[PDB]
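Down below is the structure, laid out as structure tokens.
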Amino acid sequence: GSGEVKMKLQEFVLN
Amino acid sequence: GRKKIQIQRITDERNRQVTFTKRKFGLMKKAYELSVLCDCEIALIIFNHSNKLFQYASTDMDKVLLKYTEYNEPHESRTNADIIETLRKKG
Amino acid sequence: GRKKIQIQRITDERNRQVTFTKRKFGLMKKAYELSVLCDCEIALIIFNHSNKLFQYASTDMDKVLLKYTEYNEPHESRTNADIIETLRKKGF
DNA sequence: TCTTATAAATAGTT
DNA sequence: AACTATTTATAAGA
């Protein structure tokens with residue numbers, strides 16, 4: 001699930 | 001190469017695309033070699049002038065990204081500035 | 001080099017560490033040159049054998065990851081398999 | 001870390 | 001797409 005990986009990456013970097 | 005070039009933006013669109021493809025392959029090939037020689041996992045993200053995304057991963061980009069998020073801190077972090085400085089100290 | 005090496009795992013721990021530091025610099029330097037010559041934004045993530053994290057970004061690792069997440073799909077996606085294949089085709 | 005001999009990448013023609 | 005002289009990278013030594 002690249003969309004999940006991208007969304008987890010998004011939340012990490014942003015936080 | 002037949003002549004030394006300066007590290008500066010290539011303005012000729014065609015020269016840029018040709019260099020881009022050659023050097024992109026060269027960089028991925030070095031990454032391939034490093035990953036095998038020293039048992040490493042590597043991910044590369046490239047956005048060209050036209051903002052088209054190119055990516056490479058020794059094995060799995062997603063896994064590498066997932067792993068990245070589990071580290072609060074990079075064990076080493078460099079930018080162009082860092083590389084430019086290292087080169088200065090060596091001419 | 002003083003000799004051709006085969007592209008194969010290095011077993012001597014110290015040889016591995018030395019090669020690693022050297023080629024890592026060499027990888028980042030190629031990325032630097034590409035990013036300037038061709039106006040690319042680049043991020044690179046390396047986990048060495050002990051899963052230490054090393055990273056490089058032309059300008060900003062955070063910007064580039066954030067950009068990546070906004071793109072639905074890559075225009076090109078390569079792996080070691082693909083690189084091996086290109087080499088086979090390229091021949092000698 | 002440095003040096004260096006040598007292997008490998010590549011800029012410029014082709 | 002090719003080729004190759006030339007630049008660059010690096011393995012082994014020190």
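Every chain is numbered from 1, with letters handed out A, B, ... down the list of sequences. Scope of the values below: all heavy atoms of this structure, side chains included, with no hydrogens, waters or symmetry mates.
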Closest non-hydrogen contact found for B:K30 with C:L27 is CB-CD1, 3.6 Å
In whole angstroms, how far is the P atom of E:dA1 from the CD atom of B:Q17? 17 Å
Below 4.0 angstrom, N of the basic side chain to O of the carboxylate: do C:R16 and C:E13 qualify? yes
Taking Watson-Crick and G-U wobble pairs with both distances under 3.5 Å, convert DNA chain E into its dot-bracket string, 5' to 3', dots for unpaired and | for cross-strand pairs. ..||||||||||..
Let me know the distance between CZ of C:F92 and P of E:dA2, rounded to the nearest Å. 15 Å
Would you please test C:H49 and B:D39 for side-chain hydrogen bond (donor to acceptor under 3.5 Å, both in side chains) and show each step? CA-CA 5 Å; C:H49 84 278; B:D39 202 85; over 6 Å; no
Distance in angstrom units between B:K29 NZ and D:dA7 P, rounded: 14 Å
Do C:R78 side-chain atoms and C:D82 backbone N/O form a donor-acceptor pair below 3.5 Å? yes
Separation of E:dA9 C1' from B:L34 CG (nearest whole Å): 13 Å
Using atom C1' of each nucleotide, how far apart are D:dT14 and D:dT10 to the nearest Å? 15 Å
P spacing across the pair D:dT13 / D:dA9, given as an integer number of angstrom: 23 Å
Quickly work out the B:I7 CD1 to D:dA9 P distance and round it to whole Å. 17 Å
What are the atom names and distances for every N/O pair under 3.5 Å that joins the protein to nucleotides 10-14 of chain E?
from: E:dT10; atom 1: OP1; to: B:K30; atom 2: NZ; distance (Å): 3.0
from: E:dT10; atom 1: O2; to: C:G1; atom 2: N; distance (Å): 3.4
from: E:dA11; atom 1: OP1; to: C:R23; atom 2: NE; distance (Å): 3.0
from: E:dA11; atom 1: OP1; to: C:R23; atom 2: NH2; distance (Å): 2.7
from: E:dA11; atom 1: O4'; to: C:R2; atom 2: N; distance (Å): 3.4
from: E:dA11; atom 1: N7; to: C:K22; atom 2: NZ; distance (Å): 3.1
from: E:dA11; atom 1: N3; to: C:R2; atom 2: N; distance (Å): 3.2

Charged N to carboxylate O under 4.0 angstrom, B:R88 versus B:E85? yes
Within 45 degrees of the ring normal and closer than 6.0 Å to the centroid, is that where the cationic atom of C:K63 sits relative to B:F47? no
Roughly how many Å is it from CZ in B:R14 to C1' in D:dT14, rounded to a whole number? 12 Å
Over all heavy atoms of both residues, which pair between B:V64 and B:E41 is shortest? Give the atoms and the distance, please. CG2-CB, 4.4 Å
Rounded interatomic separation in angstrom, taking NZ from B:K24 and P from D:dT10: 12 Å
Salt-bridge contact B:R23-C:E33 (side-chain N to carboxylate O under 4.0 Å): yes
Side-chain touch B:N80/C:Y56, heavy atoms, less than 4.5 angstrom: yes
